4 protein chains.
Amino acid sequence: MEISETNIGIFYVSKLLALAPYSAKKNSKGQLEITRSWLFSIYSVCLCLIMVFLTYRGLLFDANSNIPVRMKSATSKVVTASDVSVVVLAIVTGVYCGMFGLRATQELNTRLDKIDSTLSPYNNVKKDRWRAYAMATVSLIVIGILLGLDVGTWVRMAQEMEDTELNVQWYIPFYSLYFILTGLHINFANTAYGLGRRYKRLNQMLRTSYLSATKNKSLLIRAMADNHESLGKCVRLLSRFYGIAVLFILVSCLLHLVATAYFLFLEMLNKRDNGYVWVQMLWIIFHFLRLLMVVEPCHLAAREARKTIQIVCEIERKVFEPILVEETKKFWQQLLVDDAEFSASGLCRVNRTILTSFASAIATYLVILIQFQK
Amino acid sequence: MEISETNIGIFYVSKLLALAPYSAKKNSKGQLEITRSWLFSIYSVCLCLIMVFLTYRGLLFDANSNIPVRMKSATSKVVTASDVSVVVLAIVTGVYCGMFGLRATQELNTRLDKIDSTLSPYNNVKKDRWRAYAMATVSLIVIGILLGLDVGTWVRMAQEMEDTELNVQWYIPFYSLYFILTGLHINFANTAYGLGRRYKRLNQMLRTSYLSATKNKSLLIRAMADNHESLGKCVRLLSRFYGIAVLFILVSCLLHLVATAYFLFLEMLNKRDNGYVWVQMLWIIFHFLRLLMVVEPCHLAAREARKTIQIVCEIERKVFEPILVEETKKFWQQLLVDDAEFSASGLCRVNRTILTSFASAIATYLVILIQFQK
Amino acid sequence: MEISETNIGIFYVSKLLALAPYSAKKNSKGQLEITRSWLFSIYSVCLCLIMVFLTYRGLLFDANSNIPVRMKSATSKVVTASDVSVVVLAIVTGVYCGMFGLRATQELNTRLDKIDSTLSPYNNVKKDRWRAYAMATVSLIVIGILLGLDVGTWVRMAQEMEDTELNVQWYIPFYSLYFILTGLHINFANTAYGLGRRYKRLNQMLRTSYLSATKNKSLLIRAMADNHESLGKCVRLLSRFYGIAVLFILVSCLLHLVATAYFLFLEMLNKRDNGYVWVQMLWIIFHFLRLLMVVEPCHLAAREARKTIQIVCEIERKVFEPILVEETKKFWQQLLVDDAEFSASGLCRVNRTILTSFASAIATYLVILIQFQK
Amino acid sequence: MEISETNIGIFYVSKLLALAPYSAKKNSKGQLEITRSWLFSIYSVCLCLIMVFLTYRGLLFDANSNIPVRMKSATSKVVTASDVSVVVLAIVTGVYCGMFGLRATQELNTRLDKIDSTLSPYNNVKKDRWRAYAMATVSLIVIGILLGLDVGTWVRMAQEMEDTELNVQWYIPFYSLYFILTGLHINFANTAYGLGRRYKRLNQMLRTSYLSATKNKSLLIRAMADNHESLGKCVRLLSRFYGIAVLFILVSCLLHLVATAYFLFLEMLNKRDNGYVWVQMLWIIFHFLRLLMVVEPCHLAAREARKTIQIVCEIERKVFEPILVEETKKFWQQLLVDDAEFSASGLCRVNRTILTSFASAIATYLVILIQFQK
Ligand SMILES: OC[C@H]1O[C@](O)(CO)[C@@H](O)[C@@H]1O
Ligand SMILES: OC[C@H]1O[C@](O)(CO)[C@@H](O)[C@@H]1O
Ligand SMILES: OC[C@H]1O[C@](O)(CO)[C@@H](O)[C@@H]1O
Ligand SMILES: OC[C@H]1O[C@](O)(CO)[C@@H](O)[C@@H]1O
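So, how was this worked out
Residues numbered from 1 in each chain as written, not as in the entry; some residues may be left out. Chains lettered and ligands numbered in written order. Heavy atoms only, no water. Near = heavy atom within 4 Å. Polar contact = N/O pair within 3.5 Å; in protein donor to acceptor, adjacent residues only side chain to side chain. Areas by Shrake-Rupley, 256 points an atom, 1.4 Å probe, with all protein chains shown as cover. Helix = DSSP H or I, 4+ residues; strand = E, 2+ residues; numbered from the N terminus. UniProt positions renumbered as here; feature names shortened; annotations may be inferred. Axes fitted to C-alpha atoms, helices over the stretch in contact; angles between N-to-C directions. Parallel < 35°, antiparallel > 145°, perpendicular 65-115°, else oblique. Left-handed = near helix turned anticlockwise from the far one by under 90°. Contact = heavy atoms within 4.5 Å. Nonpolar A, V, L, I, M, F, W, Y, C, P; charged D, E, K, R; others polar. Bend = angle between axes of the 7 residues up to and from the residue. Least-squares fit on C-alpha atoms. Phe/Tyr/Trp six-rings, centres within 6.5 Å; stacked < 30°, edge-to-face > 60°. Buried < 20%, exposed > 50% of the residue type's maximum accessible area, 1.4 Å probe, protein only. Patch = residues over 30% accessible without salt bridge, like charges linked within 9 Å, V, L, I, M, F, W, Y side chains within 5 Å. Salt bridge = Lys/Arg side-chain N within 4 Å of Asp/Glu carboxyl O. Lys, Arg positive; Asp, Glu negative; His and termini not counted. Charge placed at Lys NZ, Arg CZ, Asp CG, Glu CD. Buried area = accessible area lost by both parts, 1.4 Å probe. Disulfide = S-S within 2.5 Å.

Method of determination, as given in the entry header: cryo-EM; reported resolution: 3.17 Å.

A. Looking closely at the site of ligand 1. Residues and elements named next belong to chain A. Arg70, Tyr178, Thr260, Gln280 and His287 are the nearest of the 13 residues found near ligand 1. Between an oxygen atom of ligand 1 and a side-chain N or O atom of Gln280, the distance comes to 2.4 Å. Contact distances for ligand 1 include 2.9 Å between an oxygen atom and a side-chain N or O atom of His287. Protein chains bury 97% of the 300 Å² of accessible surface belonging to ligand 1 in isolation. Breaking the shell around ligand 1 down by element, the ones donating at least two residues are helix 7 (172–209), helix 8 (215–270) and helix 9 (274–291).

B. Layout of unusual backbone geometry. Residues and elements named next belong to chain B. In this structure, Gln31 takes a positive phi of about 50 degrees despite not being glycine. Within the fold, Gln31 resides in the loop between strand 1 (22–25) and strand 2 (33–36). In this structure, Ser345 takes a positive phi of about 60 degrees despite not being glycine. Looking at the secondary structure, you find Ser345 in the loop between helix 12 (322–337) and helix 13 (353–373).

C. A look at the UniProt feature "transmembrane region" (unreviewed entry) in chain A. Within the UniProt annotation, "transmembrane region" (unreviewed entry) is assigned to residues 38–59, 79–102, 132–155, 171–195, 241–265, 277–295 and 353–372 of chain A. In the segment residues 171–195 of chain A, helix accounts for 96% and strand for 0%; the C-alpha atoms at its two ends are 36 Å apart.

D. Region of interest: the packing of helix 11 (residues 309–317) of chain B against helix 8 (residues 215–270) of chain C. Viewed as axis vectors pointing N to C, helix 11 of chain B and helix 8 of chain C meet at an angle of 160 degrees, and their least axial separation amounts to 13 Å. What the angle tells us is that helix 11 of chain B and helix 8 of chain C run roughly antiparallel. Classified by chirality, the crossing of helix 8 of chain C by helix 11 of chain B is left-handed. Residues B:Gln310, B:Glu314 and B:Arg317 of helix 11 of chain B lie in contact with helix 8 of chain C, whose contacting residues are C:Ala225, C:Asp226, C:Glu229 and C:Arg236. Broken down by class, the residue content of the contact of helix 11 of chain B with helix 8 of chain C amounts to 1 nonpolar, 1 polar and 5 charged.

E. Fine view of the site of ligand 2. All names here are of chain B. Around ligand 2, the neighbouring residues are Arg70, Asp83, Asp150, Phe174, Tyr178, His256, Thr260, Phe263, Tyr276, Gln280, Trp283 and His287. A distance of 2.3 Å separates an oxygen atom of ligand 2 from a polar atom in the side chain of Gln280. Its free accessible area being 300 Å², ligand 2 has 97% of it covered by the protein chains. Counting only elements with at least two residues in the shell around ligand 2, the list comes to helix 7 (172–209), helix 8 (215–270) and helix 9 (274–291).

F. View of helix 8 of chain B. At B:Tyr242, helix 8 of chain B is bent by approximately 60 degrees, the largest bend along its length. Phi turns positive, to about 60 degrees, at B:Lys271, one or two residues after helix 8 of chain B.

G. Geometry of the relation of the copies chain D and chain C. Each copy superposes on the other: chain D lies on chain C with an RMSD of 0.0 Å after a rotation of 90 degrees and an axial shift of 0.0 Å. Interpreted geometrically, this transformation is the action of a four-fold axis. No C-alpha of chain D approaches the rotation axis more nearly than that of D:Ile368, which lies at 5.5 Å. In this assembly the copies use different faces: only 17% of the residues contributing to the interface of chain D also contribute to that of chain C.

H. Structural view of the arrangement of the chains. Separated throughout, chain A and chain C approach each other most closely at a C-alpha pair spaced 11 Å apart. Chain B makes no contact with chain D; the smallest distance between any of their C-alpha atoms is 11 Å.

I. Representation of the relation of the copies chain B and chain C in the model. It takes a turn of 90 degrees to lay chain B on chain C, together with a shift of 0.0 Å along the axis; the resulting RMSD is 0.0 Å. A share of only 15% of the interface residues of chain B reappears at the interface of chain C, consistent with the copies meeting through non-equivalent patches.

J. Molecular detail of the packing of aromatic side chains. Evaluation of the coordinates by the stated rule reveals 56 aromatic pairs over all chains. Measuring from ring centre to ring centre gives 4.7 Å for A:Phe372 and D:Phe372, while their planes differ by 90 degrees; the resulting arrangement is edge-to-face. Placement of A:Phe372 in helix 13 (residues 353–373) and of D:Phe372 in helix 13 (residues 353–373) is noted, with the two residues assigned to different chains. A relative accessible area of 22% means that A:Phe372 is categorised as partly exposed. Arranged with centres 5.1 Å apart and planes meeting at 40 degrees, the rings of B:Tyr178 and B:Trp283 form a pair that is tilted.

K. Layout of a positive patch on the surface. Residues and elements named next belong to chain A. A grouping of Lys126, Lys127, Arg129, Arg131 and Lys200 is seen on the molecular surface, where their side chains present a positively charged patch. Top element by residues in the positive patch is helix 5 (residues 125–160). It accounts for 4 residues. Judged by relative accessible area, which is 40%, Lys200 ranks as partly exposed.

L. Structural detail: the side chain of C:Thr308. All names here are of chain C. Within the element layout of this structure, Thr308 appears in the loop between helix 10 (295–306) and helix 11 (309–317). By relative accessible area, which is 0% here, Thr308 ends up buried. Sequence-distant contacts of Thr308, that is, excluding residues within four places in its chain, are made with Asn203, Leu206, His228, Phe331 and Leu335.

M. Structural view of a nonpolar patch on the surface. All names here are of chain A. A cluster of nonpolar side chains, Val138, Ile141, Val142, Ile145, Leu149, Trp278, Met281, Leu282, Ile285, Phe288 and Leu289, forms an exposed patch at the surface whose accessible area comes to about 990 Å². Looking at the nonpolar patch, the elements that each hand over two or more residues are helix 5 and helix 9. The leading source of residues in the nonpolar patch is helix 9, at 6 residues. When you line up the elements, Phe288 lands in helix 9. With relative accessibility at 42%, the residue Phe288 sits in the partly exposed group.

N. Representation of the interface of chain B and chain C in the model. Across the contact, 20 residues belong to chain B and 17 residues belong to chain C. Summed over both partners, the interface of chain B with chain C comes to about 1800 Å²; 58% of that surface belongs to carbon and sulfur atoms. For the pair chain B and chain C, the number of links is 1 salt bridge. For B:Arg317, the salt bridge is made with C:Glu229, and the minimal N-O distance between the two is 2.1 Å.

O. Layout of the state of the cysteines. Taken as a whole, this structure holds 0 disulfides over all chains when the rule is applied. Free of any disulfide, A:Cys97 has its nearest neighbouring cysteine sulfur in A:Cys48, separated by 11 Å.

P. Molecular detail of the UniProt feature "binding site: beta-D-fructose" (unreviewed entry) in chain A. Residues and elements named next belong to chain A. Sites flagged by UniProt as "binding site: beta-D-fructose" (unreviewed entry) map to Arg70, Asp150, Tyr178, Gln280 and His287. The exposure class assigned to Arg70 is buried, which follows from its relative accessible area of 12%. Those residues in contact with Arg70 that sit more than four places away from it in its chain are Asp62, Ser76, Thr80, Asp150, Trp154, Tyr171, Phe174 and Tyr175. Checked against the element boundaries, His287 lands in helix 9.

Q. View of the interface of chain D and chain C. Taken together, the contact between chain D and chain C spans 18 residues of the former and 20 residues of the latter. Summed over both sides, the interface between chain D and chain C buries roughly 1700 Å², with carbon and sulfur atoms accounting for 59% of that surface. On the chain D side of the contact with chain C, D:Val337, D:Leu347 and D:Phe372 bury the most area, a combined 31% of that side's loss. Remark: the boundary between chain D and chain C carries 1 salt bridge. There are 3 residue pairs in polar contact connecting chain D and chain C. The set of elements that each furnish at least two residues to the side of chain D that touches chain C consists of helix 8 (215–270), helix 12 (322–337) and helix 13 of chain D. Considering each element in turn, the side of chain D that touches chain C owes the most residues, 5 residues, to helix 12 of chain D. In terms of residue class, the side of chain D that touches chain C is made up of 10 nonpolar, 5 polar and 3 charged.

Shown next, in the form of structure tokens:
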């Protein structure tokens, strides 16, 4: 995860949501330093364990309730349990990654500091801060009104048939855990989008400074080679930090994209109220947007990294000095060798192609289950 | 999309079908210039919106009609809605690509002009114009008689049980939108086939001029290197212009190849008239041909681009001059680096392998659905 | 397809089976010449058309017979029609490839002649002839007793309930077409195995002559580079000749591996005679062996082609002369560039990985269909 | 398989379990020599044949018993037969690989001896021996208590309804064969983990000795190039030795991960005793751990092999001598050329991506079968 004074609200939100128990303390030479927060580590572990235990306790309390609200069936129980358990797994993986990842975070931030140090000409900070804050605020607000609307529609259905108020607020830990899931998505989307933006700036350096004695050109070549190595290693560091968390996030998103669609189809077939149908449509849209927050930044970063050698050849021809050509040859050898694709801890490569495979899964399941219903 | 006086009827047809609101005006130095047509942009947006609203209005009017003609079932409604909605999505994506794509079209045509400028020896214009016009006319005619036959068979079935004339002409916007889909297929097939033909000419240059002082050979090497870069970038420009349109076209084609087959199987099982069965067989053949108009040109272009280094090695050995060998080394470095595969906006690579995967999908669905029917 | 005096019986059998209407006439300078046989081309087209029409006529005659023997059901009809039609498609594709492939065959044989010309030290002809003749004889004999056993078991079942003799010999064209399918498999297996054996000899040249003035070493380097180009181009020529025929062969083999397994499962569930069960087990084994006659030779050829640069590096280090090192550098550049994987006309790459995918299909279908039966 | 005095207990256990009929005899010059044990080869073949015949005899004896214990159904019979037969196939493949693999084992051990000879600085033997012995003991113990618990729960269920003691001990050969399967897993996990650890040491050599006259640096470069070749060839030797055994192990693991899950779901639906449910949960966990003993070591080895050129570039820049740079260029050419991914005899590449595909299979089957049950 990325820690910087460009956008420190994201780090504070992640720490609040028990996903980054860290401390951001400066020294005199700038260089924001990330240290382990022992007071916040125990807070994160306690909050994660308490929230998971609470949502599971509410889950089995609804299951054992006299009139169940959310899980009253042989199949509704299984699907609701799968949804809650996959959300719990995503939360636990995010907390585990944020806890035992201090060294990876420190190394990634140290590399990013040197990356930003030599990217001055197109280092526009205000726009980056505004974009990051807007993305975080929009994500938190959309999930806030989504959880509020979900509470409202479930309250409406429960009151349709202490009545049910405690039965429906038994899922408050579930929505609190959804909040932590949104925070984890915010963190990963910020880090990957920052890596992609730095790759864009790296591509821009060679695109404008060269395709427009002279040892400054050789210095720029060496600095950009170091920058491309640092970005390629930062992608690997991110894959070490949130690789399994992103895997479980993708699994949760696929499971939700299947289960919410199945619930919407069943509810439409039963010819019930329009509120639950609209809420499930909003949930499907939100799940699609959530999926377009992990595959999209990784795809952008990989595509921008791949677009460096294709411009490096241009300097390879548009050079005459015997030293700068050798330097560009080394850079070309790098880009022939380097590969900066995000990996979900080695199981899969996160990019837009997943969007196809997920569909190839969903269009399968939605073809099977529906045909079993009718 | 490609604009040239070699075949200007395709551009005029695309502009008529609300898919290319552009103006082709020359200057004195040849160089056909493509400008944004503000009068035609509003016409395109109005036609697209009106056509989509009209086909949807007819869709729900048939659904709410006293005796529905095309959608009278719980499953027929869903499948017909899926077909109409996927056609609508393809049309909307094509219009959106043709509207917000002026810069990409201008850059692609500017690059293609320089490509054709230095490909004189095998620049045969009359055959290219005849082939493009024949392909466009055949596509439009086949879809015309197909829509006419579909109107006829649906009229026959509707009259089998204002009677039904307004109910059956409620789908005239649907067939008008199918016409725009055919026009979009024509446009993409023309552009991709032109890129492939230029790749073939590029391969022919090095295949005949070298495998048969002398600085003309070095000049030809440099010109062909520039040509291969321009073609590789033109493939990327096309992937930027029609990348998502081709994705939605492939999705529509897969959905139709499944739905038309399911309808044919159901209709054969019900033992009804032979006209609808033959019309659906023709529709399946047309959908297969439509699929063999996006994967086929992209596959041809990629295969012809891949067949350049495999001939570049021949000059790499069949050269003696110290400068021409270095030039061929740079060209070889390009072809080792370059990749000219069309991408459907990053989700998938369009080639003949899709034909396999589509089958692996269809043979799945046609195995499931049929087993659910029997 | 490969024509040589090393094994001319395979070519004669292929010509007899309407799969190679060619003439093998020598000139004084050795160099067996393949010419188009106009007398045999019309024979091949007539035999193919007559056989296809005859098997289809018998198919619909059994379907319309008073007591059908092989197709008396709603599903048995469909599965039997699929089997017969896929066999017919394979036969038609093989005949079409053998007819409009004179130029490809001539070029492939011309390249193979030069390949064998400079592979003298390990050119062992008697073993190659014996292996090819044994493979062809074993394939023909196994299919002969398989068709005989199939005739016997179907006669037994038909007589269990002109009685049925004409109804059961209505499928004699089907088994005659199976004979042509076996001949096509023999042809492709001979050609691909010859390409693989020549790749093995090429790998052996560099493995023994170098890893054991001296311009003979440079001559050997140049000759082996030419040989590797000729083999890589011969693989492409074979992919042009039998690319679609191999695709339809793989489709037929997958369809048969599914259908025969489904029939065996159904017959075991019905608790009928053991003869049909054993015949279907033999048919499944034969279909598996048939599949291990297209993926196996292509996989062997690709694996042996890939094992050339991995030994080329050895000479790259074990050389001292400034000219031989440059020659080995060119050879290494080839093997870095070259790719000699057989392609089924671009849809898929034929290798052992298909064996996995086929299973991933079969284990799917055999899981679905069976669960639908019980 | 790896034979060394570092861990000789694994070899002795494998020989005892009829998976390595070899003899480890030293000569005076160290260099542990592996010879074929004719006394142990016949013992291995007899034990394998007797065990397979015994488990099959017990299988059909339970099937033909008056009151079947494990297979009393139309589907339970099929699933139990599939499990037992896939275990038998894995055992037979392991025995066949261990018998006809003397040359491959000898070559692999000879290469590994030279690998370990020049890896002295980080050659820590005590930790390697402790880790290997602990892994083997833990695997054997976990499978021992698992088979004991399985015997106990099956005895409990059988006594719930000579009573059944001989019927339940009719599966003692099945659990004895499971022991041999565990031994095969131990052998492959030891060999692949040793290859990965040697790759780690190779990566460490260049990571510490260079990234910290001088011909010792060139000597180290040459030695590490030879080491990387030897490791790449040792991976190929392992793929030759246990390639098909690992394929059948993966097939068995997938079949078990599906069948045990189906049994657990059915047993939970039937609302039976908790002991069988907990035993099946333990079996699922053990099968997952077994799967994380073939994909995990191969993935680690491939990932560590891929992390060599990415550090080789560092010496490529951090060198000044004209000879050491040329040596590093040759090493870079290797790592650009080399590929050290384990292959299951060419059908598939064993890595963590399989974990995804297996899930994509399981999540399919568990979606189908369950929907067929309800
Ligand atoms: O409660 C929120 C979660 O449960 C569902 O609403 C099920 O209807 C899912 O769509 C969503 O992920
Ligand atoms: O109306 C044309 C469209 O609707 C169908 O005819 C359904 O029968 C499809 O085959 C076709 O794509
Ligand atoms: O007639 C031979 C063909 O038909 C079947 O026997 C069906 O039982 C198939 O197994 C085989 O391919
Ligand atoms: O007997 C052990 C084997 O049989 C099962 O227990 C079936 O319940 C499997 O889980 C296991 O692989």
